[PDB]
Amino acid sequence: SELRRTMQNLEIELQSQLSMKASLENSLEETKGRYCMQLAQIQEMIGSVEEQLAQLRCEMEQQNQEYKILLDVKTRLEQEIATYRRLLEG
């Protein structure tokens, strides 16, 4: 009996351990997903900003081209005025 007692106490102790282990396993899974998600979220933000930024950079390019167009007109006009201011006194 005293033997049976210590064997049964061990059967119980194994159960404790076994439990403590199980919750530890789930705690690990919890941790892993948690960081997995948190990371995924920031990854996404970065995506949005990258593309927000890219979209903008593309539009800055379009702008620069437009400015070029305008500028070409402007300088040309200067050369008309130049030939006008020429024909008058010539």
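Don't overthink the numbering: it's just position in the shown sequence, from 1.
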**Prompt:** Which third of the chain holds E50 when residues are ordered by C-alpha B factor: lowest, middle or highest?
**Reply:** middle
**Complete:** In terms of its chain's C-alpha B-factors, the third that includes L14 is the middle
**Request:** Grab the CA temperature factor for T31 from the record and place it in the lowest, middle or highest third of its chain.
**Result:** middle
**Message:** Among the modelled residues of this chain, does the Cα B factor of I81 put it in the lowest, middle or highest third?
**Reply:** highest
**Item:** Within-chain third of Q62 by Cα B-factor, per the entry
**Value:** highest
